[PDB]
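A.B. asks: My sequence and its experimental structure, below.
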Number of protein chains: 2
Amino acid sequence: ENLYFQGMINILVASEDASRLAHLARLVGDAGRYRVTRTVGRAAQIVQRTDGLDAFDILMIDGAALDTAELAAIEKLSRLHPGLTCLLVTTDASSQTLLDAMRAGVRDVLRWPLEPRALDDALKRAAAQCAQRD
Amino acid sequence: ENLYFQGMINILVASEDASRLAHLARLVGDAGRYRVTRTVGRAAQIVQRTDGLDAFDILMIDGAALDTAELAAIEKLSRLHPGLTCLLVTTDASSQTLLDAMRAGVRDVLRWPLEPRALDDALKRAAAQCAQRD
Ligand SMILES: [Cl-]
Ligand SMILES: [Cl-]
Ligand SMILES: [Cl-]
Ligand SMILES: [Cl-]
């Protein structure tokens, strides 16, 4: 019941798997007019592109193999990019991973297989968290 | 192994119970030189003080009775105050409450009874998320 100008929202979709990446990006593209960018990189490689990251409002990470090194990288990532909202897509809603995500700066956790209604709700919440980028 | 100037950090501690409030504030005061402010108000009353809230870096909420109205209030609170880090202190680490907190903008969930090491870790993480206040 709260609309945001979707075309104004830059989403970075990150996954190691070509098929999952294409599917995640296709699902975001179906949810609204959000400007979607794809990457095959891991959170530890993404952090190294400080200027490039500044252009995004949302970072949707596929959490296939959550390691302590990647949680630390996501922590470094949300720390240096407070304007960036990190969403984690996983196949595990166990308390430990949910709490580890939160402590790494994640704002939402989405269940895989991803659901249109769930995604649209997630994106509506993340649109509300968007700040002006210069 | 990453230090922040604790005296520079303004913490608002919120609880309905006089005894819990005093105990939470005493525990924060023992964790470091953080400037601590106490309130008996609920998240729905706190949101109404926009200018006052701007002065805080951290909001530690006692989550004794988490209602949908208060999660919405915390959502409104983190939405209008992106510089404010909300920590929730509860006696329930169930996935549903953990995920509901995250979707309401909470950055960390602490277990009651509160533990010094846990708190010091939580506060160190929240210090890293502090942004310049004007
Ligand atoms: Cl790429
Ligand atoms: Cl760069
Ligand atoms: Cl008071
Ligand atoms: Cl005010």
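C.D. replies: Received the coordinates, thanks. Residues are numbered from 1 along each chain as shown, chains lettered A, B, ... in the order given. Ligands and ions are numbered 1, 2, ... in the order given.

A.B. asks: so what's residue A:88 bridging to?
C.D. replies: Beta bridges link residue A:88 to residue A:61, residue A:109, judged by DSSP bridges.

A.B. asks: was I right about it contacting residue A:61?
C.D. replies: Yes: taking contacts as CB atoms under 8 Å, residue A:88 lies within contact range of residue A:61: 5.3 Å. C-beta: built from backbone N, CA, C; applies to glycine.

A.B. asks: any shared contact partners between the two?
C.D. replies: Between them, residue A:88 and residue A:61 share these contacting residues under CB atoms under 8 Å, 6 or more residues apart in numbering or on different chains: residue A:74.

A.B. asks: What parts of chain A come near ligand 1?
C.D. replies: By the criterion of CB under 5 Å from the ion, the positions of chain A lying close to ligand 1 are A:39, A:40.

A.B. asks: Close to chain B: what parts of chain A are there?
C.D. replies: Counting by CB under 8 Å from any CB of the partner chain, the positions of chain A adjacent to chain B are A:75, A:78-79, A:82, A:93-95, A:98-99, A:101-103, A:105-109, A:125, A:128-129, A:131.

A.B. asks: Filter those down to just the ones in strands.
C.D. replies: When strands are assigned by DSSP state E, the members of those inside them are A:106, A:107, A:108, A:109.

A.B. asks: Could you identify the most distant pair in those residues?
C.D. replies: Based on CB to CB, the longest span within these runs between A:107 and A:109 and measures 8.9 Å.

A.B. asks: before we move on, the earlier item: ok, so of the ones in strands among the residues of chain A next to chain B, who is nearest residue B:45?
C.D. replies: Checking those against residue B:45 with CB to CB, the nearest one is residue A:107 at 24.7 Å.

A.B. asks: Leaving out sequence neighbours, find the closest residue to that closest one.
C.D. replies: If you skip the residues right next to it in sequence, residue A:107 has residue A:85 as its closest partner in space, 5.1 Å away by CB to CB, 6 or more residues apart in numbering or on different chains.

A.B. asks: contacting residues for that neighbour?
C.D. replies: Contacts were defined as CB under 8 Å, 6+ apart; by that measure residue A:85 touches A:57, A:58, A:59, A:107, A:108, A:126, A:129, A:130.

A.B. asks: Columns neighbour count and distance to residue A:114 on top of these, output as TSV?
C.D. replies: Formatted as TSV, the entries for the contacts of residue A:85 read as follows, by neighbours: other CB atoms under 10 Å in any protein chain shown; distance: CB to CB, whole Å:
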residue	neighbour count	distance to residue A:114
A:57	20	19
A:58	24	14
A:59	27	16
A:107	24	16
A:108	23	12
A:126	22	14
A:129	18	19
A:130	18	21
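
A.B. asks: quick check, nearest of the residues you listed to ligand 2?
C.D. replies: Among the contacts of residue A:85, residue A:59 lies closest to ligand 2 (CB to the ion), at 14.9 Å.

A.B. asks: tell me the SS of the closest one?
C.D. replies: Reducing the assignment to helix, strand or coil with DSSP: H, G, I helix; E, B strand; the rest coil, the entry for residue A:59 is strand.

A.B. asks: so residue A:13 touches residue A:20, yeah?
C.D. replies: No: using CB under 8 Å, residue A:13 makes no contact with residue A:20, being 9.5 Å away.

A.B. asks: higher neighbour count, the two?
C.D. replies: Neighbours were counted for residue A:13 and for residue A:20 using other CB atoms under 10 Å in any protein chain shown; residue A:13 has more, 26 against 16.
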